[PDB]
>>> print(open('protein.pdb').read())   # PDB, C-alpha atoms
ATOM      1  CA  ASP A   1       0.000   0.000   0.000
ATOM      2  CA  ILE A   2       1.612   3.205  -1.274
ATOM      3  CA  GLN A   3       1.843   5.882   1.397
ATOM      4  CA  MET A   4       1.489   9.490   0.168
ATOM      5  CA  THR A   5       2.713  12.229   2.531
ATOM      6  CA  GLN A   6       1.905  15.832   1.643
ATOM      7  CA  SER A   7       3.359  19.007   3.156
ATOM      8  CA  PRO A   8       2.651  21.413   4.412
ATOM      9  CA  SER A   9      -0.786  20.648   5.803
ATOM     10  CA  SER A  10      -1.700  24.268   5.259
ATOM     11  CA  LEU A  11      -0.480  27.723   4.329
ATOM     12  CA  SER A  12      -1.609  31.313   3.793
ATOM     13  CA  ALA A  13      -0.050  33.665   1.241
ATOM     14  CA  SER A  14      -0.775  36.887  -0.611
ATOM     15  CA  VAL A  15      -2.223  37.451  -4.071
ATOM     16  CA  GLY A  16       0.561  37.154  -6.634
ATOM     17  CA  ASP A  17       2.754  34.952  -4.448
ATOM     18  CA  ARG A  18       4.452  31.787  -5.639
ATOM     19  CA  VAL A  19       3.138  28.766  -3.725
ATOM     20  CA  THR A  20       4.677  25.342  -3.585
ATOM     21  CA  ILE A  21       3.480  21.948  -2.343
ATOM     22  CA  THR A  22       5.222  18.583  -2.037
ATOM     23  CA  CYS A  23       4.066  14.971  -2.015
ATOM     24  CA  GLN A  24       6.383  12.027  -1.401
ATOM     25  CA  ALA A  25       5.497   8.427  -2.265
ATOM     26  CA  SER A  26       6.707   5.475  -0.198
ATOM     27  CA  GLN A  27       7.719   3.734  -3.466
ATOM     28  CA  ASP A  28       8.594   4.773  -7.039
ATOM     29  CA  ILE A  29       5.155   5.303  -8.572
ATOM     30  CA  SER A  30       6.655   5.830 -12.018
ATOM     31  CA  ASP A  31       5.119   9.270 -12.441
ATOM     32  CA  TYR A  32       1.502   8.195 -11.948
ATOM     33  CA  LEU A  33       0.428  11.141  -9.832
ATOM     34  CA  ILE A  34      -2.486  13.582 -10.150
ATOM     35  CA  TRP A  35      -3.075  16.938  -8.478
ATOM     36  CA  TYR A  36      -6.671  17.781  -7.524
ATOM     37  CA  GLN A  37      -8.180  21.053  -6.241
ATOM     38  CA  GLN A  38     -11.147  20.842  -3.872
ATOM     39  CA  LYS A  39     -13.138  24.009  -3.274
ATOM     40  CA  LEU A  40     -15.095  24.124   0.005
ATOM     41  CA  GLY A  41     -18.090  21.815  -0.250
ATOM     42  CA  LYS A  42     -17.311  20.616  -3.774
ATOM     43  CA  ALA A  43     -15.829  17.491  -5.320
ATOM     44  CA  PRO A  44     -12.137  17.403  -6.207
ATOM     45  CA  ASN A  45     -11.286  18.582  -9.764
ATOM     46  CA  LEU A  46      -8.313  17.107 -11.647
ATOM     47  CA  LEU A  47      -5.639  19.704 -12.504
ATOM     48  CA  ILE A  48      -2.573  17.705 -13.451
ATOM     49  CA  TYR A  49      -2.021  14.127 -14.521
ATOM     50  CA  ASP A  50       1.144  12.132 -15.276
ATOM     51  CA  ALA A  51       2.948  14.260 -12.751
ATOM     52  CA  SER A  52       3.311  17.214 -15.096
ATOM     53  CA  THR A  53       0.587  17.285 -17.732
ATOM     54  CA  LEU A  54      -2.062  19.975 -17.198
ATOM     55  CA  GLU A  55      -5.663  18.936 -17.976
ATOM     56  CA  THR A  56      -7.071  20.907 -20.932
ATOM     57  CA  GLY A  57      -8.476  24.188 -19.597
ATOM     58  CA  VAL A  58      -6.338  24.559 -16.495
ATOM     59  CA  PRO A  59      -4.596  27.946 -16.192
ATOM     60  CA  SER A  60      -0.860  27.780 -16.965
ATOM     61  CA  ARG A  61      -0.167  29.369 -13.591
ATOM     62  CA  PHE A  62      -0.458  25.763 -12.416
ATOM     63  CA  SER A  63       2.406  23.354 -12.792
ATOM     64  CA  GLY A  64       3.772  20.073 -11.539
ATOM     65  CA  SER A  65       7.132  18.342 -11.783
ATOM     66  CA  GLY A  66       9.204  15.616 -10.151
ATOM     67  CA  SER A  67       9.695  11.876 -10.619
ATOM     68  CA  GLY A  68      10.500   8.758  -8.573
ATOM     69  CA  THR A  69       9.157   9.366  -5.065
ATOM     70  CA  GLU A  70       9.145  13.175  -4.751
ATOM     71  CA  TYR A  71       6.614  15.368  -6.566
ATOM     72  CA  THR A  72       5.992  19.082  -6.740
ATOM     73  CA  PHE A  73       2.921  21.233  -7.313
ATOM     74  CA  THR A  74       3.477  24.959  -7.841
ATOM     75  CA  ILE A  75       1.203  27.966  -8.179
ATOM     76  CA  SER A  76       3.280  30.682  -9.832
ATOM     77  CA  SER A  77       0.980  33.555  -8.904
ATOM     78  CA  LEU A  78      -1.843  33.108  -6.375
ATOM     79  CA  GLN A  79      -5.342  34.256  -7.312
ATOM     80  CA  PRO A  80      -8.212  34.612  -4.811
ATOM     81  CA  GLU A  81      -9.976  31.871  -6.771
ATOM     82  CA  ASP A  82      -7.239  29.352  -5.898
ATOM     83  CA  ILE A  83      -8.279  29.341  -2.244
ATOM     84  CA  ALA A  84      -9.056  25.642  -1.754
ATOM     85  CA  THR A  85      -7.552  22.375  -0.489
ATOM     86  CA  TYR A  86      -5.076  20.608  -2.804
ATOM     87  CA  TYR A  87      -4.437  16.908  -2.997
ATOM     88  CA  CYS A  88      -2.015  14.616  -4.769
ATOM     89  CA  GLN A  89      -3.074  11.030  -5.522
ATOM     90  CA  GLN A  90      -1.067   8.073  -6.738
ATOM     91  CA  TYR A  91      -2.646   6.039  -9.519
ATOM     92  CA  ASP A  92       0.315   3.717  -9.996
ATOM     93  CA  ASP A  93      -1.624   0.922  -8.218
ATOM     94  CA  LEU A  94      -4.741   0.056  -6.233
ATOM     95  CA  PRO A  95      -5.663   1.142  -3.781
ATOM     96  CA  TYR A  96      -5.171   4.652  -5.147
ATOM     97  CA  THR A  97      -4.081   6.737  -2.143
ATOM     98  CA  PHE A  98      -4.222  10.453  -1.476
ATOM     99  CA  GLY A  99      -1.842  12.850   0.284
ATOM    100  CA  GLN A 100      -3.278  14.426   3.485
ATOM    101  CA  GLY A 101      -4.121  17.506   1.460
ATOM    102  CA  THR A 102      -2.929  21.103   1.746
ATOM    103  CA  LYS A 103      -5.284  23.962   2.560
ATOM    104  CA  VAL A 104      -4.334  27.151   0.714
ATOM    105  CA  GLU A 105      -5.576  30.482   2.058
ATOM    106  CA  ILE A 106      -5.160  34.174   1.259
ATOM    107  CA  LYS A 107      -3.838  36.823   3.647
TER     108      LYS A 107
ATOM    109  CA  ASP B   1     -14.766  13.284 -21.004
ATOM    110  CA  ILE B   2     -16.970  11.094 -18.765
ATOM    111  CA  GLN B   3     -19.600  12.768 -16.563
ATOM    112  CA  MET B   4     -20.470  11.178 -13.209
ATOM    113  CA  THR B   5     -23.859  12.105 -11.734
ATOM    114  CA  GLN B   6     -24.322  11.512  -8.003
ATOM    115  CA  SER B   7     -27.439  11.755  -5.836
ATOM    116  CA  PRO B   8     -28.684  12.881  -3.543
ATOM    117  CA  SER B   9     -26.495  15.892  -2.599
ATOM    118  CA  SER B  10     -27.203  15.341   1.039
ATOM    119  CA  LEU B  11     -29.113  13.101   3.381
ATOM    120  CA  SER B  12     -30.111  12.890   7.012
ATOM    121  CA  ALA B  13     -30.977   9.670   8.798
ATOM    122  CA  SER B  14     -30.911   7.950  12.183
ATOM    123  CA  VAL B  15     -28.445   5.388  13.575
ATOM    124  CA  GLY B  16     -29.184   1.927  12.138
ATOM    125  CA  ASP B  17     -30.934   3.402   9.129
ATOM    126  CA  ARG B  18     -30.101   2.018   5.714
ATOM    127  CA  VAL B  19     -28.544   4.616   3.385
ATOM    128  CA  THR B  20     -28.610   4.373  -0.420
ATOM    129  CA  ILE B  21     -26.481   6.464  -2.787
ATOM    130  CA  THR B  22     -26.219   6.119  -6.553
ATOM    131  CA  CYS B  23     -23.922   7.201  -9.339
ATOM    132  CA  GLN B  24     -24.638   7.570 -13.029
ATOM    133  CA  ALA B  25     -21.913   7.458 -15.669
ATOM    134  CA  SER B  26     -22.259   9.095 -19.093
ATOM    135  CA  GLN B  27     -20.722   6.033 -20.743
ATOM    136  CA  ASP B  28     -20.108   2.362 -19.908
ATOM    137  CA  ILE B  29     -17.226   2.476 -17.421
ATOM    138  CA  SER B  30     -16.878  -1.287 -17.147
ATOM    139  CA  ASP B  31     -17.102  -1.343 -13.361
ATOM    140  CA  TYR B  32     -14.073   0.941 -13.178
ATOM    141  CA  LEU B  33     -15.720   2.766 -10.289
ATOM    142  CA  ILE B  34     -14.530   3.663  -6.798
ATOM    143  CA  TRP B  35     -16.337   4.843  -3.688
ATOM    144  CA  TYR B  36     -14.595   7.154  -1.235
ATOM    145  CA  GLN B  37     -15.519   8.439   2.212
ATOM    146  CA  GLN B  38     -14.391  11.923   3.172
ATOM    147  CA  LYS B  39     -14.604  12.858   6.814
ATOM    148  CA  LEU B  40     -14.600  16.569   7.564
ATOM    149  CA  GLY B  41     -11.184  18.093   7.056
ATOM    150  CA  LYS B  42      -9.591  14.911   5.722
ATOM    151  CA  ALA B  43      -8.509  13.306   2.481
ATOM    152  CA  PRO B  44     -10.818  10.865   0.658
ATOM    153  CA  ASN B  45     -10.441   7.197   1.660
ATOM    154  CA  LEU B  46     -11.067   4.369  -0.849
ATOM    155  CA  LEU B  47     -13.744   2.036   0.518
ATOM    156  CA  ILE B  48     -14.652   0.085  -2.619
ATOM    157  CA  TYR B  49     -13.107  -0.342  -6.047
ATOM    158  CA  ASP B  50     -14.073  -2.307  -9.129
ATOM    159  CA  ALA B  51     -17.550  -1.143  -8.220
ATOM    160  CA  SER B  52     -18.358  -4.066  -5.905
ATOM    161  CA  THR B  53     -15.002  -4.818  -4.294
ATOM    162  CA  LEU B  54     -14.295  -4.011  -0.662
ATOM    163  CA  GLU B  55     -10.837  -2.803   0.405
ATOM    164  CA  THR B  56      -9.472  -4.668   3.439
ATOM    165  CA  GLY B  57     -10.330  -3.095   6.778
ATOM    166  CA  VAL B  58     -13.666  -1.765   5.510
ATOM    167  CA  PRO B  59     -16.754  -2.873   7.494
ATOM    168  CA  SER B  60     -19.103  -5.295   5.719
ATOM    169  CA  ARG B  61     -21.897  -2.816   6.331
ATOM    170  CA  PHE B  62     -20.640  -0.977   3.255
ATOM    171  CA  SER B  63     -21.449  -2.371  -0.169
ATOM    172  CA  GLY B  64     -21.528  -1.368  -3.807
ATOM    173  CA  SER B  65     -23.214  -2.545  -6.989
ATOM    174  CA  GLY B  66     -24.265  -1.505 -10.468
ATOM    175  CA  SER B  67     -22.843  -1.812 -13.964
ATOM    176  CA  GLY B  68     -22.524  -0.219 -17.374
ATOM    177  CA  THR B  69     -23.817   3.205 -16.362
ATOM    178  CA  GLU B  70     -25.684   2.826 -13.075
ATOM    179  CA  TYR B  71     -24.025   2.244  -9.719
ATOM    180  CA  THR B  72     -25.192   2.123  -6.129
ATOM    181  CA  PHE B  73     -23.418   2.475  -2.791
ATOM    182  CA  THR B  74     -25.164   1.213   0.333
ATOM    183  CA  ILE B  75     -24.710   1.569   4.090
ATOM    184  CA  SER B  76     -26.872  -1.170   5.600
ATOM    185  CA  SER B  77     -26.869   0.224   9.111
ATOM    186  CA  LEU B  78     -25.931   3.849   9.557
ATOM    187  CA  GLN B  79     -23.312   4.117  12.302
ATOM    188  CA  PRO B  80     -22.246   7.314  14.086
ATOM    189  CA  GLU B  81     -18.801   6.658  12.647
ATOM    190  CA  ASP B  82     -20.264   6.870   9.128
ATOM    191  CA  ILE B  83     -20.919  10.614   9.189
ATOM    192  CA  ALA B  84     -18.921  11.981   6.245
ATOM    193  CA  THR B  85     -19.163  12.899   2.560
ATOM    194  CA  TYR B  86     -19.131  10.038   0.035
ATOM    195  CA  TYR B  87     -18.026  10.247  -3.596
ATOM    196  CA  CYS B  88     -17.918   7.820  -6.528
ATOM    197  CA  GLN B  89     -15.020   8.288  -8.979
ATOM    198  CA  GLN B  90     -14.518   6.800 -12.417
ATOM    199  CA  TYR B  91     -11.142   5.405 -13.374
ATOM    200  CA  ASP B  92     -11.984   3.934 -16.751
ATOM    201  CA  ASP B  93     -10.269   6.830 -18.499
ATOM    202  CA  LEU B  94      -8.285   9.971 -17.727
ATOM    203  CA  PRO B  95      -9.157  12.473 -16.618
ATOM    204  CA  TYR B  96     -10.570  10.517 -13.653
ATOM    205  CA  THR B  97     -13.815  12.268 -12.689
ATOM    206  CA  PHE B  98     -15.793  12.355  -9.480
ATOM    207  CA  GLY B  99     -19.510  12.433  -8.648
ATOM    208  CA  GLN B 100     -20.772  15.500  -6.795
ATOM    209  CA  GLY B 101     -20.608  13.901  -3.389
ATOM    210  CA  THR B 102     -23.313  13.103  -0.869
ATOM    211  CA  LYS B 103     -23.222  14.550   2.668
ATOM    212  CA  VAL B 104     -24.472  11.941   5.115
ATOM    213  CA  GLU B 105     -25.845  13.199   8.410
ATOM    214  CA  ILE B 106     -27.618  11.783  11.431
ATOM    215  CA  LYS B 107     -30.835  13.402  12.596
TER     216      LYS B 107
ATOM    217  CA  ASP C   1     -49.073  -3.923  14.964
ATOM    218  CA  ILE C   2     -46.797  -3.777  11.924
ATOM    219  CA  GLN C   3     -43.809  -1.455  12.186
ATOM    220  CA  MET C   4     -42.666   0.477   9.117
ATOM    221  CA  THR C   5     -39.097   1.709   8.812
ATOM    222  CA  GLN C   6     -38.601   4.456   6.256
ATOM    223  CA  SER C   7     -35.262   5.875   5.090
ATOM    224  CA  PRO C   8     -34.103   8.442   4.816
ATOM    225  CA  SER C   9     -35.773  11.116   6.996
ATOM    226  CA  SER C  10     -34.893  13.982   4.662
ATOM    227  CA  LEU C  11     -32.837  14.604   1.539
ATOM    228  CA  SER C  12     -31.687  17.289  -0.854
ATOM    229  CA  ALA C  13     -31.020  16.797  -4.569
ATOM    230  CA  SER C  14     -31.038  18.903  -7.736
ATOM    231  CA  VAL C  15     -33.589  19.088 -10.561
ATOM    232  CA  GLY C  16     -33.243  16.012 -12.791
ATOM    233  CA  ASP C  17     -31.683  13.868 -10.059
ATOM    234  CA  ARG C  18     -32.795  10.318  -9.352
ATOM    235  CA  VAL C  19     -34.200   9.813  -5.866
ATOM    236  CA  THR C  20     -34.531   6.528  -3.985
ATOM    237  CA  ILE C  21     -36.663   5.986  -0.886
ATOM    238  CA  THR C  22     -36.873   2.802   1.163
ATOM    239  CA  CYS C  23     -39.476   1.199   3.377
ATOM    240  CA  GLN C  24     -38.986  -1.919   5.496
ATOM    241  CA  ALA C  25     -41.930  -3.904   6.910
ATOM    242  CA  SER C  26     -41.519  -5.743  10.235
ATOM    243  CA  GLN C  27     -43.636  -8.446   8.595
ATOM    244  CA  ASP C  28     -44.228  -9.700   5.024
ATOM    245  CA  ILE C  29     -47.229  -7.639   3.819
ATOM    246  CA  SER C  30     -47.776  -9.193   0.408
ATOM    247  CA  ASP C  31     -47.218  -6.056  -1.662
ATOM    248  CA  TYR C  32     -50.088  -4.322   0.167
ATOM    249  CA  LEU C  33     -48.138  -1.072   0.325
ATOM    250  CA  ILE C  34     -49.096   2.428  -0.777
ATOM    251  CA  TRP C  35     -46.868   5.429  -1.413
ATOM    252  CA  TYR C  36     -48.408   8.835  -0.716
ATOM    253  CA  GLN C  37     -47.197  12.342  -1.485
ATOM    254  CA  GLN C  38     -47.935  15.124   1.044
ATOM    255  CA  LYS C  39     -47.178  18.714   0.010
ATOM    256  CA  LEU C  40     -46.727  21.309   2.747
ATOM    257  CA  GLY C  41     -50.041  21.836   4.512
ATOM    258  CA  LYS C  42     -52.262  19.614   2.372
ATOM    259  CA  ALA C  43     -53.500  16.051   2.828
ATOM    260  CA  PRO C  44     -51.538  13.053   1.552
ATOM    261  CA  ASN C  45     -52.197  12.019  -2.040
ATOM    262  CA  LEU C  46     -51.855   8.407  -3.157
ATOM    263  CA  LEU C  47     -49.285   7.867  -5.901
ATOM    264  CA  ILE C  48     -48.839   4.093  -5.879
ATOM    265  CA  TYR C  49     -50.639   1.056  -4.525
ATOM    266  CA  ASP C  50     -49.935  -2.674  -4.390
ATOM    267  CA  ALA C  51     -46.316  -1.675  -4.109
ATOM    268  CA  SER C  52     -45.765  -0.884  -7.774
ATOM    269  CA  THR C  53     -49.002   0.119  -9.529
ATOM    270  CA  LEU C  54     -49.173   3.813 -10.518
ATOM    271  CA  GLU C  55     -52.489   5.500  -9.737
ATOM    272  CA  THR C  56     -54.172   7.042 -12.797
ATOM    273  CA  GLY C  57     -52.678  10.364 -13.859
ATOM    274  CA  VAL C  58     -49.425   9.926 -11.902
ATOM    275  CA  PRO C  59     -46.306  10.867 -13.893
ATOM    276  CA  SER C  60     -44.063   8.098 -15.196
ATOM    277  CA  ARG C  61     -41.081   9.438 -13.235
ATOM    278  CA  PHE C  62     -42.473   7.765 -10.112
ATOM    279  CA  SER C  63     -41.955   4.038  -9.639
ATOM    280  CA  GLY C  64     -42.303   1.464  -6.874
ATOM    281  CA  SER C  65     -40.666  -1.957  -6.425
ATOM    282  CA  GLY C  66     -40.026  -4.376  -3.546
ATOM    283  CA  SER C  67     -41.336  -7.569  -1.928
ATOM    284  CA  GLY C  68     -41.781  -9.326   1.436
ATOM    285  CA  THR C  69     -40.532  -6.638   3.801
ATOM    286  CA  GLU C  70     -38.341  -4.507   1.502
ATOM    287  CA  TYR C  71     -39.857  -1.754  -0.591
ATOM    288  CA  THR C  72     -38.505   0.905  -2.863
ATOM    289  CA  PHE C  73     -39.821   4.214  -4.177
ATOM    290  CA  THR C  74     -38.014   6.002  -6.996
ATOM    291  CA  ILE C  75     -38.300   9.382  -8.714
ATOM    292  CA  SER C  76     -36.188   9.141 -11.865
ATOM    293  CA  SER C  77     -36.011  12.856 -12.598
ATOM    294  CA  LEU C  78     -36.719  15.127  -9.623
ATOM    295  CA  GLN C  79     -38.975  18.028 -10.631
ATOM    296  CA  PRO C  80     -39.615  21.119  -8.463
ATOM    297  CA  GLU C  81     -43.280  20.186  -8.047
ATOM    298  CA  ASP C  82     -42.102  16.960  -6.385
ATOM    299  CA  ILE C  83     -40.968  18.834  -3.265
ATOM    300  CA  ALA C  84     -42.914  17.341  -0.352
ATOM    301  CA  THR C  85     -42.881  14.617   2.285
ATOM    302  CA  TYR C  86     -43.350  11.035   1.103
ATOM    303  CA  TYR C  87     -44.804   8.207   3.139
ATOM    304  CA  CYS C  88     -45.188   4.457   2.663
ATOM    305  CA  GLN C  89     -48.191   2.858   4.405
ATOM    306  CA  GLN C  90     -49.169  -0.815   4.706
ATOM    307  CA  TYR C  91     -52.759  -1.916   4.055
ATOM    308  CA  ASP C  92     -52.139  -5.581   4.819
ATOM    309  CA  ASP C  93     -53.762  -5.424   8.275
ATOM    310  CA  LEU C  94     -55.436  -3.031  10.732
ATOM    311  CA  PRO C  95     -54.378  -0.703  12.000
ATOM    312  CA  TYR C  96     -52.840   0.573   8.740
ATOM    313  CA  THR C  97     -49.453   2.048   9.684
ATOM    314  CA  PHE C  98     -47.255   4.615   7.989
ATOM    315  CA  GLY C  99     -43.508   5.103   7.573
ATOM    316  CA  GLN C 100     -41.892   8.069   9.378
ATOM    317  CA  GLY C 101     -41.792   9.750   5.984
ATOM    318  CA  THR C 102     -39.161  11.331   3.766
ATOM    319  CA  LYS C 103     -38.888  15.112   3.376
ATOM    320  CA  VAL C 104     -37.720  15.696  -0.218
ATOM    321  CA  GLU C 105     -36.200  19.082  -1.000
ATOM    322  CA  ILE C 106     -34.268  20.784  -3.755
ATOM    323  CA  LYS C 107     -30.822  22.286  -3.182
TER     324      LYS C 107
END
>>> encode(input="protein.pdb", output="structure tokens")
Amino acid sequence: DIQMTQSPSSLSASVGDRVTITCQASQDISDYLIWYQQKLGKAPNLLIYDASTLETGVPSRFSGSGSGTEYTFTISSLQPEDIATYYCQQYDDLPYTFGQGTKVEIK
Amino acid sequence: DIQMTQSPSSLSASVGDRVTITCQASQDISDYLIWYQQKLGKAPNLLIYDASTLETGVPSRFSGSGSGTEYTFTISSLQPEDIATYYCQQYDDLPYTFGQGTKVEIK
Amino acid sequence: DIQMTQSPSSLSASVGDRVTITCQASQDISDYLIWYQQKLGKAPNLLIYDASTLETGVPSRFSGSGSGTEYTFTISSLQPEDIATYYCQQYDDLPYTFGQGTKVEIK
């Protein structure tokens, strides 16, 4: 069972800031990682797949990189609309596991 | 892109009550369906995969069924521990898409 | 006296959603079950009798199924005029008893 550890568990930054979030797998998951955004009271929405491919329609201010067991999610310039909780999930094998999630706030 | 349709959005019931949630896929997903439980403030937890398959450690009071397009998730006896949000997610094809979630509460 | 267990107590869904309501009989009641609709402040109106027979003039989006002690009421596409409290009632023996009812609302 692949353990996903995400950090930090939460942060607050200002509009325009560069935000960064990490997820480490307990095994090489061969780049099968997704980043999801979950707005308060809504279902998670896929942002990035294959570690670094943006889903069609996602703003380019969003980006992911990494490989092996360490992955990185970055938001190059924070918008008020990005206030949500972010999650990484491994899809290298079942059961698909999630990171603990990172709440992103403004201020 | 595959659309998942979940219902109801929220329910309220009493301890021991049977709870029924369903998900509708916009295409045959071949049982490539997962059910997650999301307790407040936490990441989603896989309860069932392959539409009917229980993950180890998950109480037998949970159960899933369905096929092609229609799927159902059932909680045979609502326990206090079961208060959370539940989601179905398709994994037949990327991007993996979620149902809107159902908020389960005890009256 | 025959006890009727109805689930859930209340729910919220969106226009077009499918809605499932359940009723459990503490005894087999040979399909002698009626489903009533009760809008706010009016008397209950019979929608279905004999567990699955639609009364004349009732829309095809309502359906009933079930047997022995397990009965099911479905609305395939929730319309705004469907907002009300639903009740199952057994007519197998006196005194005829009702389920606790299900408050259906739209989010």
>>> residues_around(input="protein.pdb", residues="residue 4 of chain C", least_positions_apart="3", cutoff="6 Å", atoms="only C-alpha atoms", output="number ranges by chain")
C: 24-25, 99
>>> write_last_selection(input="protein.pdb", atoms="C-alpha atoms", output="mmCIF file, in the frame of the given file")
data_model
loop_
_atom_site.group_PDB
_atom_site.id
_atom_site.type_symbol
_atom_site.label_atom_id
_atom_site.label_comp_id
_atom_site.auth_asym_id
_atom_site.auth_seq_id
_atom_site.Cartn_x
_atom_site.Cartn_y
_atom_site.Cartn_z
ATOM 1 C CA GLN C 24 -38.986 -1.919 5.496
ATOM 2 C CA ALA C 25 -41.930 -3.904 6.910
ATOM 3 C CA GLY C 99 -43.508 5.103 7.573
#
>>> axis_aligned_box(input="protein.pdb", around="segment 59-76 of chain A", padding_each_side="4 Å", output="AutoDock Vina command-line options")
--center_x 3.0 --center_y 19.7 --center_z -10.9 --size_x 23.1 --size_y 29.9 --size_z 20.2
>>> resolve_selection(input="protein.pdb", expression="the ChimeraX specification (/B :<7) & /A", output="PyMOL selection string")
chain A and resi 42-43+46+95+98+100-101
>>> resolve_selection(input="protein.pdb", expression="the PyMOL selection byres ((chain A and resi 83) around 8)", output="PyMOL selection string")
chain A and resi 39+79-82+84-85+103-106
>>> resolve_selection(input="protein.pdb", expression="the PyMOL selection byres ((chain B and resi 92) around 6)", output="PyMOL selection string")
chain B and resi 29+32+90-91+93
>>> write_last_selection(input="protein.pdb", atoms="C-alpha atoms", output="mmCIF file, in the frame of the given file")
data_model
loop_
_atom_site.group_PDB
_atom_site.id
_atom_site.type_symbol
_atom_site.label_atom_id
_atom_site.label_comp_id
_atom_site.auth_asym_id
_atom_site.auth_seq_id
_atom_site.Cartn_x
_atom_site.Cartn_y
_atom_site.Cartn_z
ATOM 1 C CA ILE B 29 -17.226 2.476 -17.421
ATOM 2 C CA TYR B 32 -14.073 0.941 -13.178
ATOM 3 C CA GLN B 90 -14.518 6.800 -12.417
ATOM 4 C CA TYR B 91 -11.142 5.405 -13.374
ATOM 5 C CA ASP B 93 -10.269 6.830 -18.499
#
>>> calpha_fit_and_write(input="protein.pdb", fixed="chain C", moving="chain B", output="short mmCIF file (atom, residue, chain, number, x, y, z; two decimals) with C-alpha atoms, in the frame of the given file")
data_model
loop_
_atom_site.label_atom_id
_atom_site.label_comp_id
_atom_site.auth_asym_id
_atom_site.auth_seq_id
_atom_site.Cartn_x
_atom_site.Cartn_y
_atom_site.Cartn_z
CA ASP B 1 -48.92 -4.60 14.96
CA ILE B 2 -46.76 -4.08 11.85
CA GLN B 3 -43.85 -1.60 12.02
CA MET B 4 -42.89 0.31 8.87
CA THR B 5 -39.34 1.70 8.77
CA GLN B 6 -38.67 4.50 6.27
CA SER B 7 -35.41 6.15 5.23
CA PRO B 8 -33.92 8.55 4.93
CA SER B 9 -35.79 11.15 7.06
CA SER B 10 -34.88 13.87 4.65
CA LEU B 11 -33.00 14.48 1.45
CA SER B 12 -31.78 17.34 -0.69
CA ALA B 13 -31.05 17.08 -4.39
CA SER B 14 -31.03 19.05 -7.64
CA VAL B 15 -33.59 19.13 -10.47
CA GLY B 16 -33.23 16.03 -12.66
CA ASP B 17 -31.58 14.08 -9.88
CA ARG B 18 -32.76 10.55 -9.22
CA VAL B 19 -34.25 10.10 -5.73
CA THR B 20 -34.47 6.75 -3.93
CA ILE B 21 -36.58 6.05 -0.84
CA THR B 22 -37.12 2.71 0.87
CA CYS B 23 -39.51 1.16 3.34
CA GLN B 24 -39.02 -1.84 5.58
CA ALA B 25 -41.92 -3.86 6.97
CA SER B 26 -41.68 -5.94 10.16
CA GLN B 27 -43.57 -8.78 8.48
CA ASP B 28 -44.42 -9.93 4.95
CA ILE B 29 -47.11 -7.48 3.82
CA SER B 30 -47.74 -9.18 0.50
CA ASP B 31 -47.26 -6.03 -1.56
CA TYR B 32 -50.07 -4.38 0.38
CA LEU B 33 -48.09 -1.14 0.35
CA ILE B 34 -48.96 2.40 -0.70
CA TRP B 35 -46.86 5.47 -1.40
CA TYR B 36 -48.23 8.93 -0.68
CA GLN B 37 -46.98 12.42 -1.45
CA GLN B 38 -47.75 15.17 1.04
CA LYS B 39 -47.21 18.72 -0.10
CA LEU B 40 -46.86 21.30 2.65
CA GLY B 41 -50.17 22.01 4.32
CA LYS B 42 -52.11 19.38 2.38
CA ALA B 43 -53.53 15.91 2.77
CA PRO B 44 -51.56 12.85 1.59
CA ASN B 45 -52.16 11.82 -2.04
CA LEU B 46 -51.94 8.15 -3.14
CA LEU B 47 -49.37 7.82 -5.92
CA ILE B 48 -48.84 4.05 -5.95
CA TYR B 49 -50.65 1.08 -4.45
CA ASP B 50 -50.06 -2.65 -4.52
CA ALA B 51 -46.45 -1.62 -4.12
CA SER B 52 -45.72 -1.28 -7.85
CA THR B 53 -49.01 0.03 -9.23
CA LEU B 54 -49.40 3.60 -10.45
CA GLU B 55 -52.66 5.48 -9.87
CA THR B 56 -53.96 7.21 -13.02
CA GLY B 57 -52.76 10.77 -13.47
CA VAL B 58 -49.42 10.06 -11.79
CA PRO B 59 -46.30 10.84 -13.87
CA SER B 60 -44.28 7.84 -15.07
CA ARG B 61 -41.26 9.37 -13.38
CA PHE B 62 -42.57 7.86 -10.15
CA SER B 63 -42.12 4.15 -9.55
CA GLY B 64 -42.21 1.59 -6.78
CA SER B 65 -40.84 -1.89 -6.15
CA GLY B 66 -39.95 -4.39 -3.46
CA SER B 67 -41.63 -7.37 -1.82
CA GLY B 68 -42.05 -9.39 1.34
CA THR B 69 -40.42 -6.87 3.67
CA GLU B 70 -38.37 -4.47 1.55
CA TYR B 71 -39.84 -1.77 -0.67
CA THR B 72 -38.44 1.08 -2.71
CA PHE B 73 -39.95 4.27 -4.12
CA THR B 74 -38.10 6.08 -6.90
CA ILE B 75 -38.26 9.49 -8.57
CA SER B 76 -36.23 9.11 -11.76
CA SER B 77 -35.88 12.81 -12.43
CA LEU B 78 -36.49 15.18 -9.56
CA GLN B 79 -38.88 17.91 -10.70
CA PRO B 80 -39.56 21.20 -8.90
CA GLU B 81 -43.14 19.99 -8.58
CA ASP B 82 -41.91 16.97 -6.59
CA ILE B 83 -40.95 18.92 -3.47
CA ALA B 84 -43.03 17.35 -0.69
CA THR B 85 -42.97 14.69 2.03
CA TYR B 86 -43.40 11.05 0.94
CA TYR B 87 -44.73 8.20 3.08
CA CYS B 88 -45.24 4.46 2.57
CA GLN B 89 -48.25 2.93 4.36
CA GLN B 90 -49.11 -0.71 4.93
CA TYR B 91 -52.64 -1.91 4.36
CA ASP B 92 -52.15 -5.62 4.88
CA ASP B 93 -53.75 -5.41 8.31
CA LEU B 94 -55.41 -2.91 10.63
CA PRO B 95 -54.27 -0.75 12.14
CA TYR B 96 -52.82 0.59 8.87
CA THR B 97 -49.38 2.00 9.74
CA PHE B 98 -47.19 4.56 8.05
CA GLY B 99 -43.43 4.93 7.55
CA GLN B 100 -41.80 7.97 9.13
CA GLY B 101 -41.86 10.03 5.98
CA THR B 102 -39.06 11.47 3.88
CA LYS B 103 -38.79 15.23 3.24
CA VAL B 104 -37.59 15.81 -0.30
CA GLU B 105 -35.90 19.12 -1.02
CA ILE B 106 -34.04 20.75 -3.88
CA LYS B 107 -30.63 22.26 -3.23
#
